[PDB]
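# build me a structure from this.
(3 chains, ligands or ions: 6)
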Amino acid sequence: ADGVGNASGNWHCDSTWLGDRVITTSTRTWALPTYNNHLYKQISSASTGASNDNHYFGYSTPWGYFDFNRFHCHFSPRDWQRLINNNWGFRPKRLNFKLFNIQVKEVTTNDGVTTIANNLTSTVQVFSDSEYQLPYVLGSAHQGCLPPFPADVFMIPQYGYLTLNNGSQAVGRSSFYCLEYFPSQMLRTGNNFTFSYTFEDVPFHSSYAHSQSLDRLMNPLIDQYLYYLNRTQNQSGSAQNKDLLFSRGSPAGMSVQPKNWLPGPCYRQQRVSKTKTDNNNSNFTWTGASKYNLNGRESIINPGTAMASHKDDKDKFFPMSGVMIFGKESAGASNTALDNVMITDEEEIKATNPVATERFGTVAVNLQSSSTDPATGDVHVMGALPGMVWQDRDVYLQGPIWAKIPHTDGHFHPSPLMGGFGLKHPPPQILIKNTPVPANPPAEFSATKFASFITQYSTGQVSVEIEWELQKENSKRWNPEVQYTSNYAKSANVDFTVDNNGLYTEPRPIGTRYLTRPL
Amino acid sequence: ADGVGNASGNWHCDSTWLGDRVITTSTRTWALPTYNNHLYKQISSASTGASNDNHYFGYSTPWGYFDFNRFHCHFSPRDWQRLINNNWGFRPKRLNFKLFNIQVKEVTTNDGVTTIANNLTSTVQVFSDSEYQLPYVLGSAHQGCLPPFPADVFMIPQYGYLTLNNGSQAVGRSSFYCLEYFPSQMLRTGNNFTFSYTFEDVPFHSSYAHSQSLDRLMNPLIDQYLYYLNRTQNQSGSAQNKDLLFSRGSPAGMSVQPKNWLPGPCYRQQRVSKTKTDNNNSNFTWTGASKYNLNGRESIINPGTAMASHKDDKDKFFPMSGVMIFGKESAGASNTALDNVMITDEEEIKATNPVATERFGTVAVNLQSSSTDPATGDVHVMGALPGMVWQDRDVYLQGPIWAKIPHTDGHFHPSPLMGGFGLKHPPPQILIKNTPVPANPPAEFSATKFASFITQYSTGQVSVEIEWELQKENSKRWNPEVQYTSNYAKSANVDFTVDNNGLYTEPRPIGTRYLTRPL
Amino acid sequence: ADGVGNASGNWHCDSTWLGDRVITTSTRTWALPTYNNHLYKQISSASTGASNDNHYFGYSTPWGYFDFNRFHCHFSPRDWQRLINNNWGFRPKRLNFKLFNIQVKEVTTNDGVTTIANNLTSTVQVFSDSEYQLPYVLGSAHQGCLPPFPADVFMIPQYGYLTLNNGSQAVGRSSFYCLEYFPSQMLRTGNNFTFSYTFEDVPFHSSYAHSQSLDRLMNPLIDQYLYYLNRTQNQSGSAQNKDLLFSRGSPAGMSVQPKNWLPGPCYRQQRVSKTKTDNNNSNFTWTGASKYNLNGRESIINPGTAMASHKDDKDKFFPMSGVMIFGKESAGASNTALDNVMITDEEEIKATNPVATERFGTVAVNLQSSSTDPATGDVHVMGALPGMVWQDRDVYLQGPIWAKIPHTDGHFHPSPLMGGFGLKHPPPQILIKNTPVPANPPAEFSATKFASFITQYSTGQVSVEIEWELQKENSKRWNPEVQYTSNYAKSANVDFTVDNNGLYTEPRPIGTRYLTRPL
Ligand SMILES: Nc1ncnc2c1ncn2[C@@H]1C[C@@H](O)[C@@H](COP(=O)(O)O)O1
Ligand SMILES: Nc1ncnc2c1ncn2[C@@H]1C[C@@H](O)[C@@H](COP(=O)(O)O)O1
Ligand SMILES: Nc1ncnc2c1ncn2[C@@H]1C[C@@H](O)[C@@H](COP(=O)(O)O)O1
Ligand SMILES: Nc1ccnc(=O)[nH]1
Ligand SMILES: Nc1ccnc(=O)[nH]1
Ligand SMILES: Nc1ccnc(=O)[nH]1
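Numbering: from 1, shown residues only, chains lettered A, B, ... in the order given. Ligands and ions are numbered 1, 2, ... in the order given. The coordinates are given below.
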């Protein structure tokens, strides 16, 4: 239960702050079509003339899925502000899902005149793959998430997946999943669906920027008790003579003092400028791109290793594929102008992580001697070395929240490369589909496959509640900190607001790293 | 106790399946000679003219050791089948050892006519180095393990070890262990030895292959909300002009979509072909071999990092030293023909791990600009990078089970590089030796070292029971999976069977990765 | 336990009659060699030039097996007499096995002079395949059973088996069993082995002959109330005219009276005479032999369906392969003279079962009419028809006792075709083998297979006790019955006795069907 003329759920949609806790609960109203005419279909790069690196094999499903894996699905711009401006970190604790006031309509089109009526007896099916038995497509930054603006109605994305492929063909080990082979709950107007999940223990997300840097971590007023080789050729003597002179760590030469740690790992990336003139005249997008080679296919590393987007005084350049880029509502599908996208800046970590477009360092390459000169080389790729420390890619008000850690034998610091929390057991995929309704069948039994169905779609609200744990700050810093603030200068439109046509717009990407914390 | 005419143990040798458990208990009958005439001997590469990389210093011991560190010591071919075809993983829990029905014979050779009689009062000594105070030689894939075929009698290997060396000489820090300086139990016909060990907590071995690949892990039906730099030179305009055009993650271009993870680490290896014609005419075996340099000595990395043995459609090539190779019973000591060995194929992991003979990827090497062109380089060696995930080298019916994690300050994902479980405290080495029996001594005291002994050997059965924990599968996959199956086509001999001469033969190497599991 | 100088079992060997029960317990002393040098060997018809019907593939084992599946292993001639002369039936209830006073000797041959000494520490292994996991070879009438005469020492047969074969090659589904892969008990002089089994419920064996026949089962003094068509052409009328005259069952014409049952099933067999002159001059042994065709191979049906060996007054002929034939102790391997074998006579069942060399009957083959004449044919093969009744092949003092009912989906009246009791779970196969004893091994470890062993054999007594259930008789018959009796007429030797050289001899085959019982 209960009934047809009885709401099966209310509009819960608030935000509650409780010291070290904050419950965000937002509800949006959705629309679900009938996909593929209730058919599972094999799909492939086959006959697309697709590049060799773009081949793929998989299946498109008749099911739709719920996806709220974006911060703006839960935090209003103002809340996000509250969060990033006063806390050193946060993480998800537990969540709550709910489907209600579901209504199934049946459209009868004819003579251009289409009519929409209720089919009070139709059902919609749901089920959460809580045992992760289906391929996981959440956490690949796809569209179809809950809209940022509560007053927006959205369309549920269609669920499709991929599997092992050799060119545009499949292989023996390829897998095909049928979602109807999963116990799922059926609903009619008066029914509703609910379910709760608990997040696994996960590190707080570092919502702060360091107020010191690895190199500058010593006492500016005092020497060290350590010495380093300072000269191998004596100064003057009106001749250049071989020697071995040592000096001891001085504040006057911090760049040469023995230290305890190393910058973060790094996989260098090409650098491009926001002013076309500076760029080389060619299309190096794929040519000079940092790609990884997985079984014959190349794939751009994007955004790849967390690295400072640019060195100080140069928010002019950016890693060719080392920064998150969101599109403004104006941006088109492909080859859209620069001012139609928003490129994130990850320079807040230049204090501990290597800059993405530069060399990580220099390495000795030979054995110097009186007869052969000491040579070196530039290291462009650097794996994990003991003593390394680093910061992970920051998250954004419109970025991903989590991603499922692949189920592999081993894995290194599994933090989703494009921002987020790495979960061994993430929130499960919620699958929904309209059950088929056979149109009038022949008056004489026919065994051939049924392919005539009442055309219909469904609609209802969905509520998602998440309890977040805050990590308050207690900086003993004396001077004011940086804080996200809307510009007070007058203008035609207000940031994160609708316009004269009712189109909600997210002007810029907001990070979370404003508050300071020493190393 | 008990007595001379009383069996001190029975032939336990079965296999029991209990849902998530499986107890394999196999017993073989052994033969132990007298090694080195009861003498400890110093040994070295000294005076062998041995290469510089082959020098070594150590001691050969009068003791023998038990070694059952190979899967076929416990699993029959059929059992192995049962295992690999229905479980997603497994691991050792606890074991049980037992020595019994020991008999000591004394051979009296003369005039070519040798006679073997029982020495009812002789003793054999045993002891398990359960405190790991002796150099560990198990887990280096040596011969001498329990035979695969239960009906085979085997000879216990002789225990020898190495220590620090400088060329063919020793050093101050070198160590010399005397096994008689360990409390050991002595046995006569009527005695027996028993002992049980419990395995440490260890990850299940991944006995499955992925049904998806890192690159192809997204939803084939939906776009992303992320954008990437698509062109840096505008298309057409009857002129090639600098630009900055962005596109957004589309299914039509998966190879360029921002992702969350990276392929596994990699240390490139040379590639050789099974058809000599394709190979270069030279002996690059050591020349172009991937070697590591540890204190003046070079050593081939073999099999090294877990990497796909070859890309799709090429089970024709193989890493020069990146795959396990077992010899057929026909194979000789050295320089034996190809068809006398069996080369394992590790292509089951090409979904997550880099191919061993190819570059891991491409890296930007400079700072492009209108005046200087964007250049890149091929990365042949790649250390651990955050966001990396990978699969470990599979194990084989005739491969190692475990290896002792070296006792070092640090260590990375310590999974035995040539397959197996890394144990901090592995099953201890079981040492056995025939106690010396002085031949008739002079009738007048002489202090010089005793060197006249009754010639004798011993024999008895040994039982090893291991309880394995299974990780059942619950794949919601719809289509049939791949499964190990003996070929049904008729032939002269049955696989894993004796021939007309009674020689047991293991036709091919069986892996464990057949079942599928999505990423 | 217990000890070396301590007997581990006594010589139980009696027979006890207890009304409706009879316990036969006999013990014989055995000798077991080392077979195949402790090697499992593949064996086949390969390269024997063997006929197409004689191909086979299998393995010969290093194990020996105990077999007491012959009545004379338990019943003395006199006991057998007691049994067959006073009981209407009998069957096995429960049994008891025991191995003891086992002694292992080690032969050292040299210079033609061979010496046999005790190896007080050697072991012999035993185990009963009580789960029927090994191919069953008992119940195929092989030699190697316990000797009839208690004072005879015997050699344990070697255990070998067959499996699926295509010509002289094997197939995928072929099976290879290793007996060392079975938990088995080990014994030294002072040890012994014991085990008891309980027979399944099985029909008593019909140890009687019918004193009536199917056709002659009515009242000789009275008519029937039924009528039958007696003539279709009127008698006389000085002309032969069509008619329909009926008569009623009269004693004067029993051969035409309606009856209630039918004779037994039948598969006709060629007939041969004991006096060569009567036989056709050719070698029809295989030519005109009744063979069955199972997958390309032909096989003689022998002895096949239970049928009377010959009609009354003709114990001169016999079914070419429809009667059991035992060889006198004089008979050779092949092509031995008639008077060197003993051919059983199964005429005791001619009262209910069809004679083996004749047609089962006659059948109408067409539709007679004034224009076409009524024709018939001889039926040579007759399957089970409702209303059929029959007697099974009798057993002999020197015949089989039981056989294992094959594990097949279905099976018809599974009474072992060559006499005996069909058991779903028969007494298990008892397997015994001498454990190998490595001769002196090299003084330097060698991984190659061990192939040097102390030559030895074992010996001991074996006791088998069986409790049989008797089915006493209560015939109200007035006249004396037939009874097995030794001839009283004087002669040179006594039946079932040793001769002047100590050779026990079984003069004739004794059945069990002497007593009478009406239908
Ligand atoms: N930023 C981060 N750094 C390290 N680990 C993180 C992380 N975010 C999430 N994790 C994961 C969550 C858990 O999966 C844990 C790893 O668990 P397991 O893979 O060994 O079974 O750390
Ligand atoms: N495949 C695998 N991956 C990671 N660890 C493994 C492994 N197999 C065994 N181990 C080891 C077993 C334990 O030694 C544990 C490491 O323990 P510790 O060296 O820090 O004291 O992980
Ligand atoms: N002379 C005989 N007639 C009929 N059955 C006999 C028999 N002798 C033995 N049996 C078997 C013994 C049991 O196996 C029983 C059949 O059992 P199941 O094969 O249906 O499981 O009848
Ligand atoms: N960071 C890690 C250390 C060891 N093993 C892993 O899988 N990951
Ligand atoms: N994987 C590892 C991380 C940190 N320390 C180690 O020894 N190993
Ligand atoms: N006699 C029989 C009747 C039915 N089924 C059988 O297997 N046997």
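# how about the residues of the stretch 101-250 of chain A that lie near ligand 1?
Residues of the stretch 101-250 of chain A lying near ligand 1 by Cβ under 6 Å from any ligand atom: A:200, A:202-203. The way it works is simple: take the backbone N, C-alpha and C, and place the C-beta from them, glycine included.
# now the stretch 401-519 of chain A
For the stretch 401-519 of chain A, the residues in contact with ligand 1 (Cβ under 6 Å from any ligand atom) are A:405, A:413-415, A:421-424.
# out of the residues you listed, list just those in strands.
Helix and strand membership here follows DSSP state E; of those, those in strands are A:421-423.
# who wins on neighbours among the residues of the stretch 101-250 of chain A next to ligand 1?
Neighbour counts for those (other Cβ atoms under 10 Å in any protein chain shown) peak at residue A:202, which has 16 neighbours.
# returning to that earlier point: of the residues of the stretch 401-519 of chain A next to ligand 1, closest to chain B?
Checking those against chain B by Cβ to the nearest Cβ gives residue A:413 as the nearest, at 4.0 Å.
# do I have it right that the closest one meets residue B:261?
No: in this structure, residue A:413 sits apart from residue B:261 without contact. The criterion is Cβ atoms under 8 Å, and the distance is 11.2 Å.
# now the residues of the stretch 401-519 of chain A next to ligand 1: which count as buried?
Among these, the ones that count as buried by 16 or more other Cβ atoms under 10 Å in any protein chain shown are A:405, A:414-415, A:421-423.
# burial measure for the residue of chain A found nearest chain C, as a count.
Closest approach of chain A to chain C (Cβ to the nearest Cβ) occurs at residue A:172, with a separation of 19.1 Å. The number of residues packed near residue A:172 is 12, by other Cβ under 10 Å.
# ok, the one 3 residues further on next?
Residue A:175 has 25 neighbouring residues, counting by other Cβ under 10 Å.
# still on that earlier bit, would you mind giving the residues of the stretch 401-519 of chain A next to ligand 1 as CSV with distance to residue B:215 added?
What follows is these, written out as CSV (distance: Cβ to Cβ, whole Å):
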residue, distance to residue B:215
A:405, 17
A:413, 21
A:414, 17
A:415, 19
A:421, 22
A:422, 19
A:423, 21
A:424, 22
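# just these now: which is nearest residue C:343?
residue A:424 (79.7 Å; Cβ to Cβ).
# the residue nearest to residue A:217 when sequence neighbours are not counted: how many residues sit nearby?
Once its chain neighbours are removed from consideration, residue A:217 has its nearest residue in residue A:519; the separation is 6.0 Å (Cβ to Cβ, 6 or more residues apart in numbering or on different chains). The tally of other residues near residue A:519 (other Cβ under 10 Å) stands at 13.
# can I assume residue A:519 sits in a helix?
No: residue assignment for residue A:519, taken from DSSP: H, G, I helix; E, B strand; the rest coil, gives coil, which places it outside any helix.
# any idea how far it lies from ligand 2?
Relative to ligand 2, residue A:519 is positioned 27 Å away (criterion: Cβ to the nearest ligand atom, to the nearest Å).
# wait, that residue sits on residue A:390?
No: counting by Cβ under 8 Å, residue A:519 stays clear of residue A:390, with 11.8 Å between them.
# now for the two: what residues contact both?
Common neighbours of residue A:519 and residue A:390, using Cβ atoms under 8 Å, 6 or more residues apart in numbering or on different chains, are residue A:352.
# so who does the residue in chain A that ligand 4 sits nearest to touch?
When distances are taken as Cβ to the nearest ligand atom, chain A approaches ligand 4 most closely through residue A:410, which lies 3.4 Å from it. Each residue near residue A:410 by Cβ under 8 Å, 6+ apart is listed here: B:389-392, B:413, B:415.
# and the residue of the stretch 51-200 of chain A that's closest to ligand 6?
The stretch 51-200 of chain A approaches ligand 6 most closely through residue A:181 (37.6 Å), counting by Cβ to the nearest ligand atom.
# for that residue, give me its contacts.
B:476, B:478.
# now it. Its backbone dihedrals?
phi -90, psi 30 (degrees, to the nearest 10).
# give the buried residues for stretch A:238-249.
When neighbours are counted by 16+ other Cβ under 10 Å, the buried residues of stretch A:238-249 are found to be residue A:249.
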